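**Q** Below you will find the structure I want to go over with you.
In this analysis, Cβ positions are derived from the backbone assuming ideal geometry, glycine residues included, and neighbour counts consider all displayed protein chains. Any read-out appearing in this document is the output of simple, stated calculations on the displayed coordinates, not a laboratory observation.
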Amino acid sequence: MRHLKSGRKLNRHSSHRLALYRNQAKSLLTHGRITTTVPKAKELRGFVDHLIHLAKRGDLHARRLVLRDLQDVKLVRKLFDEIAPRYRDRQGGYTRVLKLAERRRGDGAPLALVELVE
Amino acid sequence: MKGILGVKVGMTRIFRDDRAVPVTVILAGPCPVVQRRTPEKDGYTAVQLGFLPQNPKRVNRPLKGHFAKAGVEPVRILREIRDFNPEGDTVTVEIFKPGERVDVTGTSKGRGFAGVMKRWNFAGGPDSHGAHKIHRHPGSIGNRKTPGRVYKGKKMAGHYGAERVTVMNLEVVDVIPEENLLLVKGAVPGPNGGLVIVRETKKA
Amino acid sequence: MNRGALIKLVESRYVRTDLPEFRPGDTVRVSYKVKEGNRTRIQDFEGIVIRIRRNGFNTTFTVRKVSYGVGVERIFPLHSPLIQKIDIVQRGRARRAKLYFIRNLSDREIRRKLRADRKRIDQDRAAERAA
Amino acid sequence: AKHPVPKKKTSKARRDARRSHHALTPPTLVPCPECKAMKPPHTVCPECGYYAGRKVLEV
Amino acid sequence: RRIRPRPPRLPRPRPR
Amino acid sequence: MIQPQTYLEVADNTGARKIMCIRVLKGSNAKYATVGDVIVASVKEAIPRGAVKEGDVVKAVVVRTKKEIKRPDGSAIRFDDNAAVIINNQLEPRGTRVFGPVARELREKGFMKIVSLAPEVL
RNA sequence: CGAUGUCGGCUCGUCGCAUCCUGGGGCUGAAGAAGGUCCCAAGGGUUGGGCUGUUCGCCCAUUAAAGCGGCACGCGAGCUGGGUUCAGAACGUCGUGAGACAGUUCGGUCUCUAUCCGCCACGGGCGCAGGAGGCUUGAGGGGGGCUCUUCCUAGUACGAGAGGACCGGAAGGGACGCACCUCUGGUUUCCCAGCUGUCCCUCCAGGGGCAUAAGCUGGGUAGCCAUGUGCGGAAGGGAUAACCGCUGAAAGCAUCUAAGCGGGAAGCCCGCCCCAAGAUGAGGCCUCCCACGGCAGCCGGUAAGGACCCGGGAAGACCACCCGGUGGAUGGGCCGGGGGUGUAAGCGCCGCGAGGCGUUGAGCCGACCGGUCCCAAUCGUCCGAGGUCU
RNA sequence: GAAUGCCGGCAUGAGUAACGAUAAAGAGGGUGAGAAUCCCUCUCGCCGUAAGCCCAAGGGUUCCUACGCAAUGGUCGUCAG
RNA sequence: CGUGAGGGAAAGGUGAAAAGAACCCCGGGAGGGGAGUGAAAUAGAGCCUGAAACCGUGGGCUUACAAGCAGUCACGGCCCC
Ligand SMILES: [K+]
Ligand SMILES: [Mg+2]
Ligand SMILES: [Mg+2]
Ligand SMILES: [Mg+2]
Ligand SMILES: [Mg+2]
Ligand SMILES: [Mg+2]
Ligand SMILES: [Mg+2]
Ligand SMILES: [Mg+2]
Ligand SMILES: [Mg+2]
Ligand SMILES: [Mg+2]
Ligand SMILES: [Mg+2]
Ligand SMILES: [Mg+2]
Ligand SMILES: [Mg+2]
Ligand SMILES: [Mg+2]
Ligand SMILES: [Mg+2]
Ligand SMILES: [Mg+2]
Ligand SMILES: [Mg+2]
Ligand SMILES: [Mg+2]
Ligand SMILES: [Mg+2]
Ligand SMILES: [Mg+2]
Ligand SMILES: [Mg+2]
Ligand SMILES: [Mg+2]
Ligand SMILES: [Mg+2]
Ligand SMILES: [Mg+2]
Ligand SMILES: [Mg+2]
Ligand SMILES: [Mg+2]
Ligand SMILES: [Mg+2]
Ligand SMILES: [Mg+2]
Ligand SMILES: [Mg+2]
Ligand SMILES: [Mg+2]
Ligand SMILES: [Mg+2]
Ligand SMILES: [Mg+2]
Ligand SMILES: [Mg+2]
Ligand SMILES: [Mg+2]
Ligand SMILES: [Mg+2]
Ligand SMILES: [Mg+2]
Ligand SMILES: [Mg+2]
Ligand SMILES: [Mg+2]
Ligand SMILES: [Mg+2]
Ligand SMILES: [Mg+2]
Ligand SMILES: [Mg+2]
Ligand SMILES: [Mg+2]
Ligand SMILES: [Mg+2]
Ligand SMILES: [Mg+2]
Ligand SMILES: [Mg+2]
Ligand SMILES: [Mg+2]
Ligand SMILES: [Mg+2]
Ligand SMILES: [Mg+2]
Ligand SMILES: [Mg+2]
Ligand SMILES: [Mg+2]
Ligand SMILES: [Mg+2]
Ligand SMILES: [Mg+2]
Ligand SMILES: [Mg+2]
Ligand SMILES: [Mg+2]
Ligand SMILES: [Mg+2]
Ligand SMILES: [Mg+2]
Ligand SMILES: [Mg+2]
Ligand SMILES: [Mg+2]
Ligand SMILES: [Mg+2]
Ligand SMILES: [Mg+2]
Ligand SMILES: [Mg+2]
Ligand SMILES: [Mg+2]
Ligand SMILES: [Mg+2]
Ligand SMILES: [Mg+2]
Ligand SMILES: [Mg+2]
Ligand SMILES: [Mg+2]
Ligand SMILES: [Mg+2]
Ligand SMILES: [Mg+2]
Ligand SMILES: [Mg+2]
Ligand SMILES: [Mg+2]
Ligand SMILES: [Mg+2]
Ligand SMILES: [Mg+2]
Ligand SMILES: [Mg+2]
Ligand SMILES: [Mg+2]
Ligand SMILES: [Mg+2]
Ligand SMILES: [Mg+2]
Ligand SMILES: [Mg+2]
Ligand SMILES: [Mg+2]
Ligand SMILES: [Mg+2]
Ligand SMILES: [Mg+2]
Ligand SMILES: [Mg+2]
Ligand SMILES: [Mg+2]
Ligand SMILES: [Mg+2]
Ligand SMILES: [Mg+2]
Ligand SMILES: [Mg+2]
Ligand SMILES: [Mg+2]
Ligand SMILES: [Mg+2]
Ligand SMILES: [Mg+2]
Ligand SMILES: [Mg+2]
Ligand SMILES: [Mg+2]
Ligand SMILES: [Mg+2]
Ligand SMILES: [Mg+2]
Ligand SMILES: [Mg+2]
Ligand SMILES: [Mg+2]
Ligand SMILES: [Mg+2]
Ligand SMILES: [Mg+2]
Ligand SMILES: [Mg+2]
Ligand SMILES: [Mg+2]
Ligand SMILES: [Mg+2]
Ligand SMILES: [Mg+2]
Ligand SMILES: [Mg+2]
Ligand SMILES: [Mg+2]
Ligand SMILES: [Mg+2]
Ligand SMILES: [Mg+2]
Ligand SMILES: [Mg+2]
Ligand SMILES: [Mg+2]
Ligand SMILES: [Mg+2]
Ligand SMILES: [Mg+2]
Ligand SMILES: [Mg+2]
Ligand SMILES: [Mg+2]
Ligand SMILES: [Mg+2]
Ligand SMILES: [Mg+2]
Ligand SMILES: [Mg+2]
Ligand SMILES: [Mg+2]
Ligand SMILES: [Mg+2]
Ligand SMILES: [Mg+2]
Ligand SMILES: [Mg+2]
Ligand SMILES: [Mg+2]
Ligand SMILES: [Mg+2]
Ligand SMILES: [Mg+2]
Ligand SMILES: [Mg+2]
Ligand SMILES: [Mg+2]
Ligand SMILES: [Mg+2]
Ligand SMILES: [Mg+2]
Ligand SMILES: [Mg+2]
Ligand SMILES: [Mg+2]
Ligand SMILES: [Mg+2]
Ligand SMILES: [Mg+2]
Ligand SMILES: [Mg+2]
Ligand SMILES: [Mg+2]
Ligand SMILES: [Mg+2]
Ligand SMILES: [Mg+2]
Ligand SMILES: [Mg+2]
Ligand SMILES: [Mg+2]
Ligand SMILES: [Mg+2]
Ligand SMILES: [Mg+2]
Ligand SMILES: [Mg+2]
Ligand SMILES: [Mg+2]
Ligand SMILES: [Mg+2]
Ligand SMILES: [Mg+2]
Ligand SMILES: [Mg+2]
Ligand SMILES: [Mg+2]
Ligand SMILES: [Mg+2]
Ligand SMILES: [Mg+2]
Ligand SMILES: [Mg+2]
Ligand SMILES: [Mg+2]
Ligand SMILES: [Mg+2]
Ligand SMILES: [Mg+2]
Ligand SMILES: [Mg+2]
Ligand SMILES: [Mg+2]
Ligand SMILES: [Mg+2]
Ligand SMILES: [Mg+2]
Ligand SMILES: [Mg+2]
Ligand SMILES: [Mg+2]
Ligand SMILES: [Mg+2]
Ligand SMILES: [Mg+2]
Ligand SMILES: [Mg+2]
Ligand SMILES: [Mg+2]
Ligand SMILES: [Mg+2]
Ligand SMILES: [Mg+2]
Ligand SMILES: [Mg+2]
Ligand SMILES: [Mg+2]
Ligand SMILES: [Mg+2]
Ligand SMILES: [Mg+2]
Ligand SMILES: [Mg+2]
Ligand SMILES: [Mg+2]
Ligand SMILES: [Mg+2]
Ligand SMILES: [Mg+2]
Ligand SMILES: [Mg+2]
Ligand SMILES: [Mg+2]
Ligand SMILES: [Mg+2]
Ligand SMILES: [Mg+2]
Ligand SMILES: [Mg+2]
Ligand SMILES: [Mg+2]
Ligand SMILES: [Mg+2]
Ligand SMILES: [Mg+2]
Ligand SMILES: [Mg+2]
Ligand SMILES: [Mg+2]
Ligand SMILES: [Mg+2]
Ligand SMILES: [Mg+2]
Ligand SMILES: [Mg+2]
Ligand SMILES: [Mg+2]
Ligand SMILES: [Mg+2]
Ligand SMILES: [Mg+2]
Ligand SMILES: [Mg+2]
Ligand SMILES: [Mg+2]
Ligand SMILES: [Mg+2]
Ligand SMILES: [Mg+2]
Ligand SMILES: [Mg+2]
Ligand SMILES: [Mg+2]
Ligand SMILES: [Mg+2]
Ligand SMILES: [Mg+2]
Ligand SMILES: [Mg+2]
Ligand SMILES: [Mg+2]
Ligand SMILES: [Mg+2]
Ligand SMILES: [Mg+2]
Ligand SMILES: [Mg+2]
Ligand SMILES: [Mg+2]
Ligand SMILES: [Mg+2]
Ligand SMILES: [Mg+2]
Ligand SMILES: [Mg+2]
Ligand SMILES: [Mg+2]
Ligand SMILES: [Mg+2]
Ligand SMILES: [Mg+2]
Ligand SMILES: [Mg+2]
Ligand SMILES: [Mg+2]
Ligand SMILES: [Mg+2]
Ligand SMILES: [Mg+2]
Ligand SMILES: [Mg+2]
Ligand SMILES: [Zn+2]
């Protein structure tokens, strides 16, 4: 049973799943768009959207919060300076996931892109 | 033999005469009768009841014909109450008064493929003293050459829950017509937001 | 439909607003209605609140005291009509929301560990000045 | 355990009757409104790079 | 319940 | 929640200090006894020259439990030990005193004498 | 004998009845209560512990009772391996000896993969002469079936007394079962906090990794849960068993019977809950579709409708089932509430300092109850009747 | 036609068990007919009285470079003992 | 294979003649389709003949209320001559 439980396990133990979401966000907040597996893609939506929302608030507390996951002072700066402001009026939904048409060769995994919204 | 359709909403406890009473709230009314079954036409006596409004877009054509013949707005579920004839065209909570004693049918929580210990309360195996990869196993399932087969009905693992369960003889603690609310004492099958059926009890 | 709303509605007729607020660590006197033979009376229970479970109307609090050499804990539903009044006899200061740990301390250690919350004391005296 | 083992070789008929459920179902495809090419629904067209009536991705 | 103990008729099996 | 093997402090001046339950007297197979239930127990430890000595097989009523007990008013109550008071086959106490509070459930179950002897009923 | 694994235990039971208890009786050397003894009855029930490898037995404490047997002395491709069949070693005894002993002692390898039948669950297919969406009837199955105490009747009938009822009526329990999470009590793998060593970011402050597959410690929502909560055993109707009759011959009397009619069990049939029309004997009702083309038939396009695909779900191994797909609140984000944690960072003040106070119930914040089209369920495709004959 | 016969071929079990330490991965860029699996970068994790380094035995060209991918590599391969 | 003494295999066939398939086509290659050689190419080198087990495609008949050492005897239906 799993009744009303939220959030995938992704066949990773606790701390590895965590590093996964961080490294994804790092990659995403860097290139603005990445490709991953669909389940990985759906889980990233929330994790980054939360960080982006904290950049929108701009205070010191927010930066130190975000910096716990992202770790890179430059990248945080980018998030706070470049990324965030172009979402001031956007209330949630700062990311999108769209599904790709071709599976991977070596394991047939369904791929998708995840990107930051305009 | 009166009955009504409803939804399970959640439990709490109220206070009545320095006593705490666990209750379950059910949203029951109102339910429009949309067909009646008679001994002439159908062989028996019932009242087909409808419940919860439906987006008429989502109701197909064979169904649209059925409601219109009743003079009735489209509805999410149809269910019958057997041996029941309310005079009105609509049934509400007003048919049960506090103190009345009722039966409720719900669809039980589903435990999926359940082990033998959860489903049938077997004892499993010992947990040390040499117990070997059998700690939750059923044990013997038979004899030897006689009869040399397994009985029908033998309790084994398999799906559990998500099945029709009726709990009987519950006390009606209160009814709130202004909200179509029904307060029954005790526990009702199924998850919150679940469909239920509430009948007058068959208990004396 | 709003299922949570319906619940709180049923519940609402029993909700009390008349009782004082209090925090775990505080010392409190709960005047509880009790029945025996053949009468009903008011029996006081006075101790530290060591826990506060919150579930809206179903919030319950737990109070602990030593009576004639034995430790006693009492659990009360906060909106129980059987409670007449609750009197804050002292404000205490925990750094912790559940205080199970005092079960294993001496009367001395407890006094050290739960110092008077002087802030909420001035605060209690700031009110108690009526117009 | 005691090493269960098959008692009889399975008949050609019975192995093939087990396979009576093994047929693949053809992939489900729809034309893409821009380049008319056949593609999986709800996916970005991998031929012309369009999904939801706008160019999304460089093919 | 047979009152006279009955001999084993097979050894406990060994790797042999 | 008292069952066979469970030790209990005795809350009286009978002379026993600790008794160990060996049987709960509530039907053919009751699993646990609680406040107001009569148990049968052995005396595991006693003071010099009591009305009882180590080794006796006595009866006692449970007066305090460490598993909390629930009440019809929606409250509960719980004590720090499990204690009992030794009795005779007439449900009367055997000692002349009882120590510490006892549960009000005792009154309802007809252990009147004990309740008056108790310093406090909670 | 080109192998039918062997005591006891555990686990899971199912059956017999020559019945341990609970139900119905006859006789009694049956006053009452309580027994004795035989008859009917297999529905349910039949406890925990000490000793011993034990089955058995004895004992302790209870009990309505602590029933006896069958199923390869049921059950080792289900577990144990204490008993007992190997090799080591010792004691008593036998033998010159090697060695031996229904004599004893300590130790001694128990095999991941189920093909077929069978069983528990779940689908796919075809069928149920038009094709469809709903709602159902119940043939036939299964589940269940226990019982104690106290009180009133009444300290009455009965008895010298001790004691102590039938019938009837209330209340409270034990074990078992189903469901549930409001309370009580668990878990709650990252929801919060505290703490150590070390390496790091970025020097201070502030943080991050690692110490488990949570480093440790104090807590903990939803969910899943029991120790917690509700409810169930029935009631009632019918037919009977033993047993008791009514009327009554044969057989002028007598007879429960040969004709006929009563009473009578926890048992039987029904009633209660669950499954069920593959019930091929394929049922019924309501409603929608339509008599289209080319050649009881085939082919093509459609109708009602359905599937595919997608967002999901206290549904779930896959499958299925249920909800939703922009005409939209399905998930995700975001806002509000709940809920947990228990006063963040930063700054100001106090102290030489570890720290302390205020700002501040602050900051953070899974799942819960809601709101909101910010993100994503785009766009679509394929199936799918034209109704056999008296 | 049988000898649990001999040699060979091909079935069944079955698209099943398994794919050899639970130290762990993610993304971007490149190459190419083809890439989860080769190269490059960044991030994350693991060993560190070693899972680093140097000798002796044993092995005997496995070393370096270019060009390759039928087979060997438990998948893949453009990589490689 | 075995430390060694020692043990100890499997494996023959294009065609008369290489005339061993230029060249084009799909393909990274393998492989194939044409062209060509030959009396013959299911003689194409994984090559005389090419049996059987075994796997596949296509066609007729048949099968989803049926109880089986799988055949046989009878009858009827459908398909072929
Ligand atoms: K022997
Ligand atoms: Mg489930
Ligand atoms: Mg689990
Ligand atoms: Mg959800
Ligand atoms: Mg997580
Ligand atoms: Mg999940
Ligand atoms: Mg995996
Ligand atoms: Mg992994
Ligand atoms: Mg984990
Ligand atoms: Mg870790
Ligand atoms: Mg890790
Ligand atoms: Mg998409
Ligand atoms: Mg690959
Ligand atoms: Mg796809
Ligand atoms: Mg239902
Ligand atoms: Mg189990
Ligand atoms: Mg169960
Ligand atoms: Mg259980
Ligand atoms: Mg067990
Ligand atoms: Mg054991
Ligand atoms: Mg266990
Ligand atoms: Mg073992
Ligand atoms: Mg083993
Ligand atoms: Mg184990
Ligand atoms: Mg056996
Ligand atoms: Mg066996
Ligand atoms: Mg048989
Ligand atoms: Mg199910
Ligand atoms: Mg009321
Ligand atoms: Mg629920
Ligand atoms: Mg709620
Ligand atoms: Mg409302
Ligand atoms: Mg008092
Ligand atoms: Mg075995
Ligand atoms: Mg096995
Ligand atoms: Mg094993
Ligand atoms: Mg095996
Ligand atoms: Mg076999
Ligand atoms: Mg075959
Ligand atoms: Mg075949
Ligand atoms: Mg098969
Ligand atoms: Mg002694
Ligand atoms: Mg033999
Ligand atoms: Mg054999
Ligand atoms: Mg054999
Ligand atoms: Mg054999
Ligand atoms: Mg054998
Ligand atoms: Mg008999
Ligand atoms: Mg009797
Ligand atoms: Mg008598
Ligand atoms: Mg007498
Ligand atoms: Mg008798
Ligand atoms: Mg008799
Ligand atoms: Mg019986
Ligand atoms: Mg039986
Ligand atoms: Mg029996
Ligand atoms: Mg013992
Ligand atoms: Mg024993
Ligand atoms: Mg014994
Ligand atoms: Mg022993
Ligand atoms: Mg013996
Ligand atoms: Mg008796
Ligand atoms: Mg016994
Ligand atoms: Mg038996
Ligand atoms: Mg036997
Ligand atoms: Mg046996
Ligand atoms: Mg056996
Ligand atoms: Mg074994
Ligand atoms: Mg055995
Ligand atoms: Mg065997
Ligand atoms: Mg066997
Ligand atoms: Mg087993
Ligand atoms: Mg042994
Ligand atoms: Mg012995
Ligand atoms: Mg031995
Ligand atoms: Mg030996
Ligand atoms: Mg010896
Ligand atoms: Mg000797
Ligand atoms: Mg001699
Ligand atoms: Mg001698
Ligand atoms: Mg001999
Ligand atoms: Mg001898
Ligand atoms: Mg011998
Ligand atoms: Mg002897
Ligand atoms: Mg000896
Ligand atoms: Mg031994
Ligand atoms: Mg040893
Ligand atoms: Mg083993
Ligand atoms: Mg297998
Ligand atoms: Mg099988
Ligand atoms: Mg078979
Ligand atoms: Mg089916
Ligand atoms: Mg199907
Ligand atoms: Mg009918
Ligand atoms: Mg049948
Ligand atoms: Mg029936
Ligand atoms: Mg039945
Ligand atoms: Mg009386
Ligand atoms: Mg009862
Ligand atoms: Mg809750
Ligand atoms: Mg809880
Ligand atoms: Mg609670
Ligand atoms: Mg709790
Ligand atoms: Mg965290
Ligand atoms: Mg941590
Ligand atoms: Mg650190
Ligand atoms: Mg620092
Ligand atoms: Mg590190
Ligand atoms: Mg490390
Ligand atoms: Mg680690
Ligand atoms: Mg806890
Ligand atoms: Mg914890
Ligand atoms: Mg929780
Ligand atoms: Mg329980
Ligand atoms: Mg009856
Ligand atoms: Mg009768
Ligand atoms: Mg007579
Ligand atoms: Mg007469
Ligand atoms: Mg005569
Ligand atoms: Mg007659
Ligand atoms: Mg009769
Ligand atoms: Mg009769
Ligand atoms: Mg009579
Ligand atoms: Mg009964
Ligand atoms: Mg049904
Ligand atoms: Mg049908
Ligand atoms: Mg049906
Ligand atoms: Mg039939
Ligand atoms: Mg039908
Ligand atoms: Mg799903
Ligand atoms: Mg739909
Ligand atoms: Mg659509
Ligand atoms: Mg649309
Ligand atoms: Mg939404
Ligand atoms: Mg939402
Ligand atoms: Mg809140
Ligand atoms: Mg709060
Ligand atoms: Mg502060
Ligand atoms: Mg601060
Ligand atoms: Mg200073
Ligand atoms: Mg909040
Ligand atoms: Mg959130
Ligand atoms: Mg709206
Ligand atoms: Mg399209
Ligand atoms: Mg022959
Ligand atoms: Mg062989
Ligand atoms: Mg063989
Ligand atoms: Mg054989
Ligand atoms: Mg051979
Ligand atoms: Mg041969
Ligand atoms: Mg051979
Ligand atoms: Mg061979
Ligand atoms: Mg094969
Ligand atoms: Mg498979
Ligand atoms: Mg298999
Ligand atoms: Mg498998
Ligand atoms: Mg292997
Ligand atoms: Mg596998
Ligand atoms: Mg590996
Ligand atoms: Mg591995
Ligand atoms: Mg490990
Ligand atoms: Mg890459
Ligand atoms: Mg790339
Ligand atoms: Mg690759
Ligand atoms: Mg590749
Ligand atoms: Mg590389
Ligand atoms: Mg070191
Ligand atoms: Mg060398
Ligand atoms: Mg070598
Ligand atoms: Mg070489
Ligand atoms: Mg070199
Ligand atoms: Mg080289
Ligand atoms: Mg190299
Ligand atoms: Mg190279
Ligand atoms: Mg290769
Ligand atoms: Mg290749
Ligand atoms: Mg080559
Ligand atoms: Mg290879
Ligand atoms: Mg390979
Ligand atoms: Mg390998
Ligand atoms: Mg390759
Ligand atoms: Mg290459
Ligand atoms: Mg290599
Ligand atoms: Mg050798
Ligand atoms: Mg060699
Ligand atoms: Mg040799
Ligand atoms: Mg040769
Ligand atoms: Mg030649
Ligand atoms: Mg030649
Ligand atoms: Mg070419
Ligand atoms: Mg090419
Ligand atoms: Mg070529
Ligand atoms: Mg070709
Ligand atoms: Mg060619
Ligand atoms: Mg030619
Ligand atoms: Mg010729
Ligand atoms: Mg030829
Ligand atoms: Mg030839
Ligand atoms: Mg060949
Ligand atoms: Mg020749
Ligand atoms: Mg040839
Ligand atoms: Mg050939
Ligand atoms: Mg052939
Ligand atoms: Mg064929
Ligand atoms: Mg039939
Ligand atoms: Mg047929
Ligand atoms: Mg037959
Ligand atoms: Mg004939
Ligand atoms: Mg013929
Ligand atoms: Zn396109």
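**Q** Going through B:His137, B:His159 one at a time, which residue ends up being within 16 Å of ligand 19 (Cβ to nearest atom) and within 14 Å of another protein chain (Cβ to nearest Cβ)? Before the answer, list the steps.
**A** Numbers: B:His159 fails: within 16 Å of ligand 19 (Cβ to nearest atom).
Just a single option satisfies the conditions, and that option is B:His137.
**Q** Residues A:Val66, A:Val114: which one is among the β-branched types (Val, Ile, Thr) and free of Cβ contacts under 8 Å to residues at least 24 places away in the same chain? Reasoning before the result, please.
**A** Working: A:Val114 fails: free of Cβ contacts under 8 Å to residues at least 24 places away in the same chain.
Matching residue, one of A:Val66, A:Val114: A:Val66.
**Q** Please go through the range A:1-23 and give me each residue that is more than 7 Å from RNA strand G (Cβ to nearest atom) and polar (S, T, N, Q), ordered by number.
**A** Selection gives A:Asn11, A:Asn23.
**Q** Have a look at B:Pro86, B:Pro126 and point out the one that is within 16 Å of ligand 19 (Cβ to nearest atom), over 21 Å from the mean Cα position of the chain (by Cα) and in a loop (DSSP other than H, G, I, E, B).
**A** Result of the check over B:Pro86, B:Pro126: B:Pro126.
**Q** If you take the residues in the range F:72-96 that are more than 13 Å from the chain's Cα centre (by Cα) and not in a strand (DSSP E or B), which one is farthest from the other protein chains (Cβ to nearest Cβ)?
**A** Going through the qualifying residues, I end up with F:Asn89.
**Q** Then there is this: Checking C:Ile42 against (1) among the aliphatic types (A, V, I, L, M); (2) exposed (fewer than 12 other Cβ atoms within 10 Å of the Cβ); (3) in contact (Cβ under 8 Å) with a residue 60 or more places away in the chain, which single condition isn't satisfied?
**A** Among (1) among the aliphatic types (A, V, I, L, M); (2) exposed (fewer than 12 other Cβ atoms within 10 Å of the Cβ); (3) in contact (Cβ under 8 Å) with a residue 60 or more places away in the chain, the lone unmet condition for C:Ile42 is (3).
**Q** Which condition breaks for C:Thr27 when tested against (1) surrounded by 12 or more Cβ atoms within 10 Å (Cβ to Cβ); (2) within 14 Å of chain B (Cβ to nearest Cβ); (3) of a type in the set (S, T, N, Q)?
**A** Result: C:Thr27 passes all but (2).
**Q** Here's something else I'd like to know. Taking the criterion of being in contact with a strand residue (DSSP E or B) (Cβ under 7 Å, 6 or more places away or on another chain), touching a residue at least 24 places away in the same chain (Cβ under 8 Å) and of a type in the set (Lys, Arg), would at least one residue in the range F:110-117 satisfy it?
**A** no
**Q** Within the range A:54-72, which residues are over 12 Å from the mean Cα position of the chain (by Cα) and of a type outside the set (A, V, I, L, M)?
**A** Residues satisfying the conditions are A:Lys56, A:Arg57, A:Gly58, A:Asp59, A:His61, A:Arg63, A:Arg64, A:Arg68, A:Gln71, A:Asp72.
**Q** Test D:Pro46 against the stated conditions and say whether it is in contact (Cβ under 8 Å) with a residue 12 or more places away in the chain and within 7 Å of RNA strand G (Cβ to nearest atom).
**A** No; evaluated as a whole, the condition is false for this residue.
**Q** Quick one: which of D:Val56, D:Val44, D:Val5, D:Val30 is out of contact with any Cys (no Cβ under 8 Å at 6 or more places or on another chain), loosely packed, with under 10 Cβ neighbours inside 10 Å and β-branched (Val, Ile, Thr)?
**A** D:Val5
**Q** Here's something else I'd like to know. Looking at the structure I just gave you, is C:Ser80 of a type in the set (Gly, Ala, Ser) and within 11 Å of chain F (Cβ to nearest Cβ)?
**A** Yes, satisfied.
**Q** Given (1) within 14 Å of chain A (Cβ to nearest Cβ); (2) away from ligand 17 (no atom under 16 Å from the Cβ), where does B:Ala114 come up short, assuming only one miss?
**A** All conditions pass for B:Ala114, except number (2).
**Q** Another question about this same structure. Any idea which residue in the range C:32-50 is farthest from C:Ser80 (Cα to Cα), counting only those that are more than 12 Å from chain F (Cβ to nearest Cβ) and assigned to a strand (DSSP E or B)?
**A** Among them, the one singled out is C:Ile48.
**Q** Right, something else. Among the residues of the range B:89-105, write down those that are within 24 Å of B:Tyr44 (Cβ to Cβ) and not in a loop (DSSP other than H, G, I, E, B).
**A** Listed by number, the residues that qualify are B:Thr90, B:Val91, B:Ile95, B:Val102, B:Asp103, B:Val104, B:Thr105.
**Q** Sticking with this structure for a sec: Quick check on the range C:97-105. Is at least one of its residues out of contact with any helix residue (DSSP H, G or I) (no Cβ under 9 Å at 6 or more places or on another chain) and of a type in the set (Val, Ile, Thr)?
**A** So far as the range C:97-105 goes, no, none of its residues is out of contact with any helix residue (DSSP H, G or I) (no Cβ under 9 Å at 6 or more places or on another chain) and of a type in the set (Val, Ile, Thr).
**Q** Oh, and also: Report the residue count in the range C:63-95 for those that are in contact (Cβ under 8 Å) with a residue 60 or more places away in the chain and assigned to a loop (DSSP other than H, G, I, E, B).
**A** Counting residues in the range C:63-95 that are in contact (Cβ under 8 Å) with a residue 60 or more places away in the chain and assigned to a loop (DSSP other than H, G, I, E, B) gives 6.
**Q** Looking at the range D:1-39, which of the residues that are away from RNA strand I (no atom under 16 Å from the Cβ) and of a type in the set (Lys, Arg) is nearest to the other protein chains (Cβ to nearest Cβ)?
**A** So, considering only residues that are away from RNA strand I (no atom under 16 Å from the Cβ) and of a type in the set (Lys, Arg), the one nearest to the other protein chains (Cβ to nearest Cβ) is D:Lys39.
**Q** Check C:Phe76 against each of (1) closer than 30 Å to C:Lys8 by Cβ; (2) in contact with a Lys or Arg (Cβ under 9 Å, 6 or more places away or on another chain); (3) buried (at least 20 other Cβ atoms within 10 Å of the Cβ) and name the one condition it does not meet.
**A** Of everything listed in (1) closer than 30 Å to C:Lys8 by Cβ; (2) in contact with a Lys or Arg (Cβ under 9 Å, 6 or more places away or on another chain); (3) buried (at least 20 other Cβ atoms within 10 Å of the Cβ), C:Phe76 misses just condition (2).
**Q** Check whether at least one residue in the range A:7-24 is more than 16 Å from ligand 10 (Cβ to nearest atom), touching a residue at least 12 places away in the same chain (Cβ under 8 Å), surrounded by 14 or more Cβ atoms within 10 Å (Cβ to Cβ) and part of a helix (DSSP H, G or I), and report yes or no.
**A** yes
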